[PDB]
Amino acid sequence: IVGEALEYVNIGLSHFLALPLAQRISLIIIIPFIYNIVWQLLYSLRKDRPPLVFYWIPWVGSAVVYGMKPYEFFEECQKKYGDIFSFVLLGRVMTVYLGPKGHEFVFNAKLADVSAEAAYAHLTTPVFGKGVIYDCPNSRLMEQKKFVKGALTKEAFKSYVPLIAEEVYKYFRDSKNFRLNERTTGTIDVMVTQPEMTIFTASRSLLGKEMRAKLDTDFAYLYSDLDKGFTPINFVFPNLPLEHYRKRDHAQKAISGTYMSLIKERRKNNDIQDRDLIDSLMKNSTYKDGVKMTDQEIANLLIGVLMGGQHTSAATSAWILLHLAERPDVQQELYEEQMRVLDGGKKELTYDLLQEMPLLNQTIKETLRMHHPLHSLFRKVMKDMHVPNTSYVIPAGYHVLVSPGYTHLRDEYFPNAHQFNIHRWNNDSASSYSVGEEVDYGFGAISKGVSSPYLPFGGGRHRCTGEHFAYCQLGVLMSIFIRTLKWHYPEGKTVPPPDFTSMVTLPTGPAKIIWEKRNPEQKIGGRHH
């Protein structure tokens, strides 16, 4: 008789439901804990799954160790498991594929296989607004990138260079952090100065003079408020009825409204030239199926572009200053190049002369090697994926994670990878190079292969289109810093470690340097109060 047993099943269920609150809570925690461990042990038997990093806390997974030191986490996992492994992260399964083959697996993945917008939209859509970037099909993203790229041309860079330079000099003149007309030396936190110089220079050139002028007003606080919504938390909790979530939403409306006001004014007065990215999107924001971007979508796109350029660039120029603060030999070498290319300062800086500054560009290139702003790029897997030359299948609903910044720091691909050396790029100073065949996903011909161990700007359909703007902006900024100042560390201070829990791998603050004027008597002209 198994009927007796079946009765006692029902009996036990009833005795289970009648447990005292103490055991119920205990079982509420013990039961999922035990199942999680048993599920992992069983999971490890599958040969059609990459190894899964073991974890104790259900749902949480490896989030703490991954979040604090992802490259150390990746190195340990790589030693135990090789280049392909999974780990649980706040309810999601991330499948990591390290090295150039991982770049290929994820950046060149078929459009049907993975989705960037499914990984990213819940964060970006609240900050930028509806209809653009990840709040739209990939084919719309492809053309938005084409629109923006049409404003980021050599001719645009030629006119951005003197504008960015004016903004840097104005910042040296007026910012409390410098005031070069009044002080010949001082101490700055580069995580204060660089966000400010970045937003001032990017506003002036991409958004134009009106939007730049707005940052000298209370309006600037909206950018700060909107900036707070750009945090990895939004990957988990994109919306919570908390205050800073509402300040973010309000900022997005207020800022996009400011942009729309300007757009509608310009159209009303027929004042549509070729000054800035706003002009360009007003003239060139019609999809190939004939639909026009709305004024709201244009403004949302402007927010996304400005916010994306903001954090990558400001972290990168901070890192450049930090690495050079302990390398007075590199500052000297860069200074000699400035004197040579600009004839002792008798030539004004232009976009073309910037391209004749290989050491300066190598300094940016090397900083981006050692400090990839984005340590982990993700896609959500939409269809099961066979990992070539393995028996592994990545099922739909998993996430794939690619980390070119991890490979940037591997000795095998960059000898003495943890040493800052701009001369490893001698006779190779371009921001990136297409080493073979090319392909066009909708926004211009880019490298077909994505197997370079150096991939600061990603590859494939989601490849960065800001790279040349970033080099222009960082180039102008660093040319002027080098020609104007020397800098060094407070005693006993050195390059800080990266903060891998922020949106970008910015330096852990406060990160202070001491600057001094190369020409204490040099004055910056212009009006100021």
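Note that residue numbering follows the sequence shown and begins at 1.
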Between 221 to 229 and 324 to 332, the record assigns the higher mean Cα B factor to 221 to 229
Looking only at C-alpha temperature factors in the entry, 309 to 317 or 115 to 123, the higher average sits in 115 to 123
The residue of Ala470, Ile34, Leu477, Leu485 with the maximal C-alpha B-factor according to the PDB record is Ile34
From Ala165, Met385, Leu301, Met142, the top C-alpha temperature factor is at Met385
Split the chain's modelled residues into thirds by Cα B-factor; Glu438 lands in the highest
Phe500: C-alpha B-factor third of its chain, per the entry, is the middle
Chain thirds by Cα B factor, record data; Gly466 belongs to the lowest
Chain thirds by Cα B factor, record data; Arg275 belongs to the highest
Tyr245: CA temperature factor from the record, placed by chain third, in the highest
